[PDB]
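Encoded as structure tokens, the structure appears first; notes follow it.
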Amino acid sequence: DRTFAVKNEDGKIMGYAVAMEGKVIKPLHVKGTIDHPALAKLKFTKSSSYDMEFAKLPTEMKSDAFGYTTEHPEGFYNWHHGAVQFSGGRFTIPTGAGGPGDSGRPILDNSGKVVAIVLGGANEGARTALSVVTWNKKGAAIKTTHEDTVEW
């Protein structure tokens with residue numbers, strides 16, 4: 001288990017955190033507490049520019065974390081709600097497959113490596129373009145935001 005619900009005070013799921021490469025990572029805009037004893041009270045470092053916040057992964061969860069890959073060839077990827085196309089530098093889904101509460105969910109390749117973290121979606125009709133965080137080969141974060149993105 002490397003994906004954790006972020007809960008508001010009522011216990012409603014607001015979005016998700018992931019364990020990846022020695023960090024716990026979540027979208028900054030997802031407000032609540034991670035529903036995990038080892039993770040609730042960690043010290044987070046916030047980056048407004050990338051809509052992300054991160055903490056050091058507790059040494060108990062060392063090995064139970066996703067790997068990340070910069071290999072994103074065009075084609076199809078996976079996430080909790082089904083297929084994610086990557087084409088023309090954009091990740092898209094059928095409109096209606098994602099919405100509020102899906103921020104922080106990872107997009108995975110078939111080997112189970114993370115290629116992106118979902119921030120939200122811009123409704124283009126049949127397709128919805130996902131606003132995401134990715135990392136390049138230098139480990140630099142990249143936020144991709146589409147016109148009229150809806151935060152999830």
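Quick note on naming: the chains in the structure tokens go A, B, ... in the order shown, residues restart at 1 in each chain, and ligands are numbered from 1 in order of appearance.
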
### Task
Determine, counting only C-alpha atoms, which protein, DNA and RNA residues have an atom within 8 Å of an atom of residue A:64; residues of the same chain fewer than 3 positions away are not included. Present the result as a PyMOL selection string.
chain A and resi 1-2+19+61

### Residue neighbourhood residue A:145, 12 Å, only C-alpha atoms, exclusion window fewer than 4 positions, as number ranges by chain
A: 49-51, 89-91, 118-122, 129-134, 149-151

Same residues, C-alpha atoms, saved as a PDB file, in the first residue's frame:
ATOM      1  CA  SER A  49       4.674  26.785  -7.803  1.00  0.00           C
ATOM      2  CA  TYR A  50       4.133  23.035  -8.345  1.00  0.00           C
ATOM      3  CA  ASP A  51       1.035  22.567  -6.194  1.00  0.00           C
ATOM      4  CA  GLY A  89       2.503  16.111 -24.406  1.00  0.00           C
ATOM      5  CA  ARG A  90      -0.893  15.682 -22.729  1.00  0.00           C
ATOM      6  CA  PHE A  91      -2.549  13.087 -20.495  1.00  0.00           C
ATOM      7  CA  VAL A 118      -2.852  14.091 -11.051  1.00  0.00           C
ATOM      8  CA  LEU A 119      -3.762  17.634 -10.001  1.00  0.00           C
ATOM      9  CA  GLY A 120      -7.055  18.215 -11.804  1.00  0.00           C
ATOM     10  CA  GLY A 121      -8.718  18.234 -15.194  1.00  0.00           C
ATOM     11  CA  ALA A 122      -9.865  20.553 -17.965  1.00  0.00           C
ATOM     12  CA  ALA A 129      -6.972  16.959 -20.204  1.00  0.00           C
ATOM     13  CA  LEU A 130      -5.202  16.224 -16.888  1.00  0.00           C
ATOM     14  CA  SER A 131      -3.156  18.881 -15.147  1.00  0.00           C
ATOM     15  CA  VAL A 132      -0.196  16.947 -13.674  1.00  0.00           C
ATOM     16  CA  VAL A 133       3.189  16.982 -12.021  1.00  0.00           C
ATOM     17  CA  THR A 134       6.028  15.119 -13.735  1.00  0.00           C
ATOM     18  CA  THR A 149      -8.302  23.238 -15.154  1.00  0.00           C
ATOM     19  CA  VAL A 150     -10.576  22.174 -12.350  1.00  0.00           C
ATOM     20  CA  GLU A 151      -8.692  21.283  -9.146  1.00  0.00           C
TER      21      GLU A 151
END

### Task
Give me the residues within 12 Å of residue A:109 as a ChimeraX atom specification, counting only C-alpha atoms and dropping any in the same chain fewer than 5 places off.
/A:66-79,83-86,114-116

Filtering to N, CA, C and O atoms, could you give me those residues as a PDB file, in the first residue's frame?
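This is the output file result-v4.pdb:
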ATOM      1  N   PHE A  66       6.431   3.653  -4.537  1.00  0.00           N
ATOM      2  CA  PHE A  66       6.549   3.627  -5.990  1.00  0.00           C
ATOM      3  C   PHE A  66       7.934   4.067  -6.442  1.00  0.00           C
ATOM      4  O   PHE A  66       8.595   4.884  -5.784  1.00  0.00           O
ATOM      5  N   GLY A  67       8.353   3.514  -7.579  1.00  0.00           N
ATOM      6  CA  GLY A  67       9.449   4.045  -8.385  1.00  0.00           C
ATOM      7  C   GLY A  67       8.857   5.042  -9.367  1.00  0.00           C
ATOM      8  O   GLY A  67       7.653   4.943  -9.707  1.00  0.00           O
ATOM      9  N   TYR A  68       9.672   6.032  -9.761  1.00  0.00           N
ATOM     10  CA  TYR A  68       9.247   7.030 -10.750  1.00  0.00           C
ATOM     11  C   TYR A  68      10.028   6.771 -12.027  1.00  0.00           C
ATOM     12  O   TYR A  68      11.156   6.294 -11.968  1.00  0.00           O
ATOM     13  N   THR A  69       9.410   7.005 -13.181  1.00  0.00           N
ATOM     14  CA  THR A  69      10.151   6.976 -14.441  1.00  0.00           C
ATOM     15  C   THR A  69       9.858   8.171 -15.310  1.00  0.00           C
ATOM     16  O   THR A  69       8.707   8.607 -15.422  1.00  0.00           O
ATOM     17  N   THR A  70      10.933   8.707 -15.902  1.00  0.00           N
ATOM     18  CA  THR A  70      10.824   9.777 -16.918  1.00  0.00           C
ATOM     19  C   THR A  70      10.461   9.228 -18.335  1.00  0.00           C
ATOM     20  O   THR A  70      10.229  10.005 -19.274  1.00  0.00           O
ATOM     21  N   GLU A  71      10.444   7.910 -18.507  1.00  0.00           N
ATOM     22  CA  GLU A  71      10.070   7.332 -19.800  1.00  0.00           C
ATOM     23  C   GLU A  71       8.557   7.399 -19.942  1.00  0.00           C
ATOM     24  O   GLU A  71       7.811   6.728 -19.206  1.00  0.00           O
ATOM     25  N   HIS A  72       8.098   8.283 -20.827  1.00  0.00           N
ATOM     26  CA  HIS A  72       6.670   8.458 -21.065  1.00  0.00           C
ATOM     27  C   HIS A  72       6.341   8.370 -22.512  1.00  0.00           C
ATOM     28  O   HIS A  72       5.794   9.329 -23.052  1.00  0.00           O
ATOM     29  N   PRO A  73       6.671   7.258 -23.190  1.00  0.00           N
ATOM     30  CA  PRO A  73       6.376   7.360 -24.627  1.00  0.00           C
ATOM     31  C   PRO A  73       4.896   7.557 -24.876  1.00  0.00           C
ATOM     32  O   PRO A  73       4.056   7.242 -24.015  1.00  0.00           O
ATOM     33  N   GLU A  74       4.544   8.044 -26.059  1.00  0.00           N
ATOM     34  CA  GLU A  74       3.126   8.165 -26.339  1.00  0.00           C
ATOM     35  C   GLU A  74       2.436   6.785 -26.320  1.00  0.00           C
ATOM     36  O   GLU A  74       2.989   5.799 -26.802  1.00  0.00           O
ATOM     37  N   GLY A  75       1.250   6.731 -25.728  1.00  0.00           N
ATOM     38  CA  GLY A  75       0.406   5.539 -25.750  1.00  0.00           C
ATOM     39  C   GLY A  75      -0.542   5.591 -24.546  1.00  0.00           C
ATOM     40  O   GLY A  75      -1.014   6.646 -24.171  1.00  0.00           O
ATOM     41  N   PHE A  76      -0.815   4.446 -23.931  1.00  0.00           N
ATOM     42  CA  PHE A  76      -1.748   4.406 -22.832  1.00  0.00           C
ATOM     43  C   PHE A  76      -1.121   4.017 -21.510  1.00  0.00           C
ATOM     44  O   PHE A  76      -0.187   3.181 -21.467  1.00  0.00           O
ATOM     45  N   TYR A  77      -1.643   4.639 -20.449  1.00  0.00           N
ATOM     46  CA  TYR A  77      -1.198   4.443 -19.088  1.00  0.00           C
ATOM     47  C   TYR A  77      -2.370   4.062 -18.201  1.00  0.00           C
ATOM     48  O   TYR A  77      -3.475   3.956 -18.677  1.00  0.00           O
ATOM     49  N   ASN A  78      -2.112   3.858 -16.907  1.00  0.00           N
ATOM     50  CA  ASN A  78      -3.090   3.352 -15.987  1.00  0.00           C
ATOM     51  C   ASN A  78      -3.336   4.316 -14.866  1.00  0.00           C
ATOM     52  O   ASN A  78      -2.401   4.899 -14.351  1.00  0.00           O
ATOM     53  N   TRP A  79      -4.579   4.408 -14.418  1.00  0.00           N
ATOM     54  CA  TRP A  79      -4.840   4.998 -13.094  1.00  0.00           C
ATOM     55  C   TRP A  79      -6.079   4.385 -12.548  1.00  0.00           C
ATOM     56  O   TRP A  79      -6.702   3.500 -13.189  1.00  0.00           O
ATOM     57  N   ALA A  83      -8.071   3.817 -18.226  1.00  0.00           N
ATOM     58  CA  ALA A  83      -7.015   4.188 -19.174  1.00  0.00           C
ATOM     59  C   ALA A  83      -6.722   5.683 -19.195  1.00  0.00           C
ATOM     60  O   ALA A  83      -7.643   6.502 -19.143  1.00  0.00           O
ATOM     61  N   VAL A  84      -5.433   6.028 -19.320  1.00  0.00           N
ATOM     62  CA  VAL A  84      -5.006   7.417 -19.503  1.00  0.00           C
ATOM     63  C   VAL A  84      -4.143   7.451 -20.761  1.00  0.00           C
ATOM     64  O   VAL A  84      -3.119   6.740 -20.833  1.00  0.00           O
ATOM     65  N   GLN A  85      -4.583   8.211 -21.765  1.00  0.00           N
ATOM     66  CA  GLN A  85      -3.803   8.378 -22.976  1.00  0.00           C
ATOM     67  C   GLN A  85      -2.734   9.419 -22.745  1.00  0.00           C
ATOM     68  O   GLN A  85      -2.992  10.479 -22.127  1.00  0.00           O
ATOM     69  N   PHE A  86      -1.543   9.166 -23.261  1.00  0.00           N
ATOM     70  CA  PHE A  86      -0.571  10.238 -23.340  1.00  0.00           C
ATOM     71  C   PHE A  86      -0.203  10.448 -24.791  1.00  0.00           C
ATOM     72  O   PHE A  86       0.282   9.526 -25.438  1.00  0.00           O
ATOM     73  N   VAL A 114       5.427   5.140 -11.491  1.00  0.00           N
ATOM     74  CA  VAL A 114       4.678   6.397 -11.633  1.00  0.00           C
ATOM     75  C   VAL A 114       5.301   7.191 -12.786  1.00  0.00           C
ATOM     76  O   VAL A 114       6.521   7.320 -12.864  1.00  0.00           O
ATOM     77  N   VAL A 115       4.450   7.696 -13.683  1.00  0.00           N
ATOM     78  CA  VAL A 115       4.864   8.666 -14.693  1.00  0.00           C
ATOM     79  C   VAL A 115       4.367  10.100 -14.391  1.00  0.00           C
ATOM     80  O   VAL A 115       4.933  11.060 -14.906  1.00  0.00           O
ATOM     81  N   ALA A 116       3.309  10.255 -13.583  1.00  0.00           N
ATOM     82  CA  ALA A 116       2.769  11.597 -13.252  1.00  0.00           C
ATOM     83  C   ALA A 116       1.859  11.525 -12.010  1.00  0.00           C
ATOM     84  O   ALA A 116       1.368  10.451 -11.683  1.00  0.00           O
TER      85      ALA A 116
END

Write out as a CSV table (one decimal) with C-alpha atoms, in the first residue's frame the residues lying within 7 Å of stretch 27-38 of chain A, counting only C-alpha atoms and excluding same-chain residues fewer than 2 positions away.
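Saved file out.csv follows:
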chain,number,residue,atom,x,y,z
A,4,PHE,CA,-3.0,7.0,1.1
A,5,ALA,CA,-6.3,8.9,1.5
A,6,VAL,CA,-6.2,12.5,2.7
A,7,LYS,CA,-9.2,13.1,5.0
A,8,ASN,CA,-10.9,16.2,6.2
A,14,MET,CA,-10.3,15.0,-0.2
A,15,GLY,CA,-7.5,13.4,-2.4
A,40,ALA,CA,-0.2,12.0,9.7
A,46,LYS,CA,5.4,23.1,0.5
A,51,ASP,CA,1.0,22.6,-6.2
A,52,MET,CA,2.9,19.9,-4.2
A,53,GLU,CA,4.1,19.2,-0.7
A,58,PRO,CA,9.3,7.1,7.4
A,103,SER,CA,-6.1,14.8,-6.9
A,104,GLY,CA,-2.9,13.0,-5.8
A,119,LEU,CA,-3.8,17.6,-10.0

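Atom pair atom CA of residue A:13 / atom CA of residue A:117: separated by 16.9 Å.
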
### DSSP-assigned strand (DSSP E) members of chain A, reported as JSON, numbers by chain
{"A": [3, 4, 5, 6, 7, 13, 14, 15, 16, 17, 18, 19, 20, 23, 24, 25, 26, 27, 33, 34, 45, 46, 47, 52, 53, 54, 55, 56, 75, 76, 77, 78, 79, 82, 83, 84, 85, 86, 87, 90, 91, 92, 93, 94, 106, 107, 108, 114, 115, 116, 117, 118, 119, 120, 121, 122, 123, 127, 128, 129, 130, 131, 132, 133, 134, 135, 141, 142, 143, 144, 150, 151]}

### Query
Which polymer residues have any atom within 9 Å of an atom of residue A:22, counting only C-alpha atoms, with same-chain residues fewer than 4 positions away left out, as a PyMOL selection string?
chain A and resi 55-59+61-63+65-66

### Query
Between A:138, A:26, A:81, A:41, which is the closest to residue A:108 once you count only C-alpha atoms?
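Distance minimum relative to residue A:108 lands on A:81.
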
### Task
Going by DSSP on the backbone, which bits of chain A are helix (DSSP H, G or I)? Write them as a ChimeraX atom specification, please.
/A:48-50,59-61

Residues from last step as file, N, CA, C and O atoms, as an mmCIF file, in the first residue's frame:
data_model
loop_
_atom_site.group_PDB
_atom_site.id
_atom_site.type_symbol
_atom_site.label_atom_id
_atom_site.label_comp_id
_atom_site.auth_asym_id
_atom_site.auth_seq_id
_atom_site.Cartn_x
_atom_site.Cartn_y
_atom_site.Cartn_z
ATOM 1 N N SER A 48 4.306 26.029 -3.665
ATOM 2 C CA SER A 48 3.134 26.616 -4.310
ATOM 3 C C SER A 48 3.222 26.572 -5.821
ATOM 4 O O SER A 48 2.208 26.390 -6.482
ATOM 5 N N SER A 49 4.424 26.785 -6.359
ATOM 6 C CA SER A 49 4.674 26.785 -7.803
ATOM 7 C C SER A 49 4.277 25.488 -8.484
ATOM 8 O O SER A 49 3.832 25.502 -9.642
ATOM 9 N N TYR A 50 4.411 24.368 -7.766
ATOM 10 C CA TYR A 50 4.133 23.035 -8.345
ATOM 11 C C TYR A 50 2.902 22.377 -7.780
ATOM 12 O O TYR A 50 2.560 21.282 -8.186
ATOM 13 N N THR A 59 11.029 5.556 7.848
ATOM 14 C CA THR A 59 11.956 4.486 7.583
ATOM 15 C C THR A 59 11.285 3.100 7.693
ATOM 16 O O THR A 59 11.740 2.147 7.055
ATOM 17 N N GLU A 60 10.162 2.999 8.412
ATOM 18 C CA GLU A 60 9.347 1.773 8.310
ATOM 19 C C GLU A 60 8.820 1.505 6.886
ATOM 20 O O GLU A 60 8.877 0.379 6.384
ATOM 21 N N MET A 61 8.372 2.551 6.202
ATOM 22 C CA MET A 61 7.871 2.376 4.846
ATOM 23 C C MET A 61 8.917 2.476 3.741
ATOM 24 O O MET A 61 8.560 2.700 2.579
#
